[PDB]
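Topology and contacts: notes
Each chain, letter by letter, is given below.
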Amino acid sequence: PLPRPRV
Amino acid sequence: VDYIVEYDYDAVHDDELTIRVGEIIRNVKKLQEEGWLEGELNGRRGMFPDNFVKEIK
């Protein structure tokens, strides 16, 4: 799956 | 719509874009994968996270 990379 | 890169991001799969602060990503489309976008950078199309970028308006 794909996470939601963090700033 | 075009987007401007605000934070560096490195691809983790061959279908993501490696993008750098200040770069403009062209012809950007919102995808089903939530938090992800698809557009063109230096001739190549791929996906990149939406909170690393800002829509040009």
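Above: the structure in question.
First, a word on scope: everything that follows refers to the structure included in this document.

On to the packing of aromatic side chains. Residues and elements named next belong to chain B. Under the defined criterion, the tally for this structure stands at two aromatic pairs over all chains. Their ring planes at 75 degrees and their centres at 6.0 Å tell us that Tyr 9 and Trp 36 sit as a pair that is edge-to-face. Remark: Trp 36 occurs in strand β3 (residues 36–41) and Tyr 9 occurs in the loop between β1 (3–5) and β2 (24–30); sequence separation between them is 27 residues. When the centroid spacing of 5.3 Å and the interplanar angle of 70 degrees are considered together, the rings of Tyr 9 and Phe 52 count as edge-to-face. On the criterion of sequence distance, the pair formed by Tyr 9 in the loop between β1 and β2 and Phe 52 in the loop between β4 (44–49) and β5 (53–55) is long-range, its members being 43 residues apart. The exposure class of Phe 52 is buried, given its relative accessible area of 5%. Grouped by ring-pair contacts, the aromatic residues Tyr 9, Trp 36 and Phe 52 constitute a single cluster.

Across soluble globular proteins, nonpolar side chains show a tendency to be buried alongside one another. Residue and element names in this part refer to chain B. Counting 14 residues, the largest nonpolar core has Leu 17, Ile 19, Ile 25, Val 28, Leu 37, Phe 48 and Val 53 as the members making the most contacts within it. Looking at this core, the elements with two or more residues in it are β1, β2, β3 and β4. In terms of residue count, β3 provides more of this core than any other element does, three residues in total. Setting aside chain neighbours within four positions, we find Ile 19 in contact with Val 5, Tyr 7, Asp 8, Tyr 9, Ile 25, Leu 41, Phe 48, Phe 52 and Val 53.

We now examine the side chain of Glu16(B). Summarising the element assignment, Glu16(B) is placed in the loop between β1 and β2. It turns out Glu16(B) is buried and unbridged, and the closest side chain with the opposite charge, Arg44(B), is 8.4 Å from it. Among the polar contacts made by the side chain of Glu16(B), one reaches the side chain of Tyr9(B) at a distance of 2.7 Å. For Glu16(B), the residues in contact, after removing those within four places along its chain, are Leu2(A), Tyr9(B), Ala11(B), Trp36(B), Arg44(B) and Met47(B).

Taken together, the contacts link twelve residues of chain B with seven residues of chain A. Taking both sides of the interface into account, the surface hidden between chain B and chain A amounts to around 750 Å²; carbon and sulfur atoms contribute 64%. Interface area lost by chain B to chain A is led by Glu34(B), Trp36(B) and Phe52(B), which between them contribute 42%. There are one salt bridge connecting chain B and chain A. For the salt bridge of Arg4(A) with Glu34(B), the shortest nitrogen-to-oxygen distance reads 3.4 Å. In this structure, the connection of chain B to chain A is made through two residue pairs in polar contact. Split into classes, the residues belonging to the side of chain B that touches chain A amount to six nonpolar, three polar and three charged.

Procedures and definitions
- We count residues from 1 along each chain, following the written sequence rather than the entry's numbering, and we skip any residue without coordinates.
- Each chain is given a letter, starting from A, and each ligand a number, starting from 1, according to the order in which they appear as written.
- Based on all heavy atoms of the structure, the side-chain values leave hydrogens and waters out of the count.
- Two rings from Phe, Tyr or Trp (for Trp, the six-membered ring) form a pair when their centres sit within 6.5 Å of each other. Planes less than 30 degrees apart are called stacked, planes more than 60 degrees apart edge-to-face, and all others tilted.
- Numbering of helices and strands starts at the N terminus; helices are DSSP runs of H or I of at least 4 residues and strands are runs of E of at least 2.
- Buried residues are those whose accessible area, probed at 1.4 Å on protein chains only, stays under 20% of the maximum for their type, while exposed residues exceed 50% and partly exposed ones sit between those limits.
- Here, nonpolar core refers to any group of buried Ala, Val, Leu, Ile, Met, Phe, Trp, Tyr and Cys residues whose side-chain atoms link them within 4.5 Å.
- In what follows, residue pairs with any heavy atoms lying within 4.5 Å of each other are defined as contacts.
- Think of it this way: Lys and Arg go in the positive column, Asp and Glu in the negative one, and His and the chain ends go nowhere.
- The term salt bridge refers to a side-chain nitrogen of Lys or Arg lying within 4 Å of a carboxyl oxygen of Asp or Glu.
- In the analysis that follows, any N or O atom pair within 3.5 Å is treated as a polar contact, provided that within protein one partner can donate a hydrogen and the other can accept it, and provided that, for residues neighboring in sequence, both atoms belong to side chains.
- Values labelled buried area give the accessible surface lost by two parts on being combined, using a 1.4 Å probe and summing over both.
- Each residue gets one of three labels, nonpolar for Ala, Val, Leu, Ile, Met, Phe, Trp, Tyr, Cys and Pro, charged for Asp, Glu, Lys and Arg, and polar for the others, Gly among them.

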